[PDB]
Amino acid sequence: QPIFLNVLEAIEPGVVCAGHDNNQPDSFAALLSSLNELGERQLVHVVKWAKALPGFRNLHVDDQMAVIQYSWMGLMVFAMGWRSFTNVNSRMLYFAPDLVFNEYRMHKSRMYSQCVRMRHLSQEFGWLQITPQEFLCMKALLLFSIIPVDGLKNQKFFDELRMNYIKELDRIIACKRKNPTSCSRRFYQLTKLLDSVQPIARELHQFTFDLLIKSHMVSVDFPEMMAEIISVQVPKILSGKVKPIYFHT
């Protein structure tokens, strides 16, 4: 049935502005402070979106908060890549309507290499001809793609939920495909794409952590929730206590 997709389309977050003053110079401090503010603003929408996902409330409340705190980077990068693909044909990084990165900003932000990887991800939506439905299901699955090595409060409930979202992705593929071999090829492609998000998120996790530690010395502002989650949960990822769930080796 279209119920699952009806829900995902219904809860998809709308446009979010960074509040960036485009009249000011493209300095490291200004660009990163605006990216951080955008992060806080998007985090609010990720929370509301997540709480409205089918079966999400079945997870222990502490696990609900944990998975959002571990996966927000990947979720936001994936969504930004989609915005960039649909808006500027992946030509530039469309973080927000008021915060679009060109080559100069990529350099000034001091994360040019990471921006290059994000652009590559954005382009994949075009090369693979990802449909809005495939994008929506893949994004939902990203929320359930990173957990503690020791497990969650109620790991069994999480494993069941994750399995159901993989099932939904399989269904969206089999929707317009009679041949099973073509379905297998598509599923391989989509899982490969999903895996590719993790190394990018990891580089950004490292970058934002190092930035938070020296933020006072570089005049970069971090909103309250961002500073909280980056100092408490991000280090768990960087130290290996929390790891992404990869489909492929």
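Take the two forms, superpose them, and find the largest set of C-alpha atoms that agree within 1.5 Å; that set is the rigid core. Throughout, we count residues from 1 along the sequence that is shown.
Comparing 22-30 with 41-49, which has C-alphas lying farther from the shown form in 7 other deposited structures of this protein once the core is aligned?
Of 22-30 and 41-49, the stretch deviating more in 7 other deposited structures of this protein is 22-30.
Segment of higher mean CA temperature factor, 132-140 or 166-174
Higher of the two, by average CA B-factor, is 166-174.
Compare the mean C-alpha B-factor of 197-205 with that of 58-66 as given in the PDB entry, and name the stretch with the higher value.
Averaged over C-alpha atoms, the B-factors run higher in 58-66.
Going by the entry, which of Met118, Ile146, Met73, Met92 has the most elevated CA B factor?
Each of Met118, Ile146, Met73, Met92 was compared by C-alpha B-factor; the highest is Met92.
Please work out which residue in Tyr104, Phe78, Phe158, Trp127 has the highest C-alpha B-factor recorded for this crystal structure.
Highest C-alpha B-factor among the listed options: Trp127.
Check where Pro235 lands among this chain's C-alpha B-factors and tell me if it's the lowest, middle or highest third.
Lowest third, going by the recorded CA B-factors of the chain.
Chain third (lowest, middle, highest) by recorded CA B-factor, residue given as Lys48:
According to the entry, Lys48 has a C-alpha B-factor in the chain's lowest third.
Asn36's Cα B-factor: lowest, middle or highest third of the chain?
For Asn36, the deposited C-alpha B-factor lands in the lowest third.
Could you say whether, by C-alpha temperature factor, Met217 belongs to the lowest, middle or highest third of its chain?
CA B-factor rank for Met217: highest third.
Which third of the chain holds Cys183 when residues are ordered by C-alpha B factor: lowest, middle or highest?
Highest third of the chain for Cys183's C-alpha B-factor.
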